[PDB]
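What follows is each chain in one-letter form.
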Amino acid sequence: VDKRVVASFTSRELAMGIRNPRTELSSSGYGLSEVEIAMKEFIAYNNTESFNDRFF
Amino acid sequence: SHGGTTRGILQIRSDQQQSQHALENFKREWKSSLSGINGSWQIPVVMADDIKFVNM
């Protein structure tokens, strides 16, 4: 929190669950959000919504 | 990959062509007022002798 360690846990005390695993070495065991993959599409959506709203 | 996608040419015409300096600060007047989402619904007023747009 605020880029300082406020707590620590063993494998016994905390679960981690990931749906979209990767073998990629630099993935470092983290997942992969569809929000990351689709981010361009979400931005394009937001822009087209703002465009249509800005008529009014 | 290689084409000209250019929609058309905006022909502005008067007794003589603008200097390059005049034309580049007209480009600044244009982009600061009309580009992107920020400019998206504004209309320029221009008082040239004649204005034409050629569809290519």
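- The deposited coordinates, according to the entry record, derive from cryo-EM at 3.07 Å resolution.

## Some remarks on the overall build of chain A
Link 1 in the chain: Counting its regular elements, chain A contains 2 helices and 0 strands.
Link 2 in the chain: The globule rule puts the C-alpha radius of gyration for 56 residues at 10 Å, and the 19 Å found for chain A is more than 25% above it.
Link 3 in the chain: Overall size of chain A, expressed as C-alpha extent along the three principal axes, is 55 × 30 × 20 Å.
Link 4 in the chain: Looking at chain A residue by residue over its 56 residues, the buried ones come to 2%.

## Observations concerning the interface of chain A and chain B
Link 1 in the chain: Facing 4 residues of chain A, the contacting portion of chain B comprises 5 residues.
Link 2 in the chain: Carbon and sulfur atoms supply 65% of the area buried between chain A and chain B, which totals about 510 Å² over both sides.
Link 3 in the chain: By the criterion of area lost to chain B, the three top residues of chain A are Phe-51, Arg-54 and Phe-55 of chain A, representing 86% of everything that side buries.
Link 4 in the chain: The interface formed by chain A and chain B holds 0 salt bridges in total.
Link 5 in the chain: On inspection of chain A and its partner chain B, the count reaches 3 residue pairs in polar contact.
Link 6 in the chain: Class assignment for the residues of the side of chain A that touches chain B results in 2 nonpolar, 1 polar and 1 charged.

## Things to note about the packing of aromatic side chains
Link 1 in the chain: Going through the model one piece at a time under the given rule, you end up with 4 aromatic pairs over all chains.
Link 2 in the chain: Consider the rings of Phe-55 of chain A and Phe-56 of chain A, whose centres lie 5.0 Å apart with planes at 75°: the pair is edge-to-face. For the pair formed by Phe-55 of chain A and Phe-56 of chain A, the shared burial category is exposed.
Link 3 in the chain: Each member of the aromatic cluster is reached from another via a ring pair, and the members are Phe-51, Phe-55 and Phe-56 of chain A together with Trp-41 of chain B.

Calculation rules
Residues numbered from 1 in each chain as written, not as in the entry; some residues may be left out. Chains lettered and ligands numbered in written order. Part of a larger assembly, values for the part shown. Heavy atoms only, no water. Helix = DSSP H or I, 4+ residues; strand = E, 2+ residues; numbered from the N terminus. Rg over C-alpha atoms; globule rule 2.2 N^0.38 Å. Buried < 20%, exposed > 50% of the residue type's maximum accessible area, 1.4 Å probe, protein only. Contact = heavy atoms within 4.5 Å. Buried area = accessible area lost by both parts, 1.4 Å probe. Salt bridge = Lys/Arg side-chain N within 4 Å of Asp/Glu carboxyl O. Polar contact = N/O pair within 3.5 Å; in protein donor to acceptor, adjacent residues only side chain to side chain. Nonpolar A, V, L, I, M, F, W, Y, C, P; charged D, E, K, R; others polar. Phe/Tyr/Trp six-rings, centres within 6.5 Å; stacked < 30°, edge-to-face > 60°.

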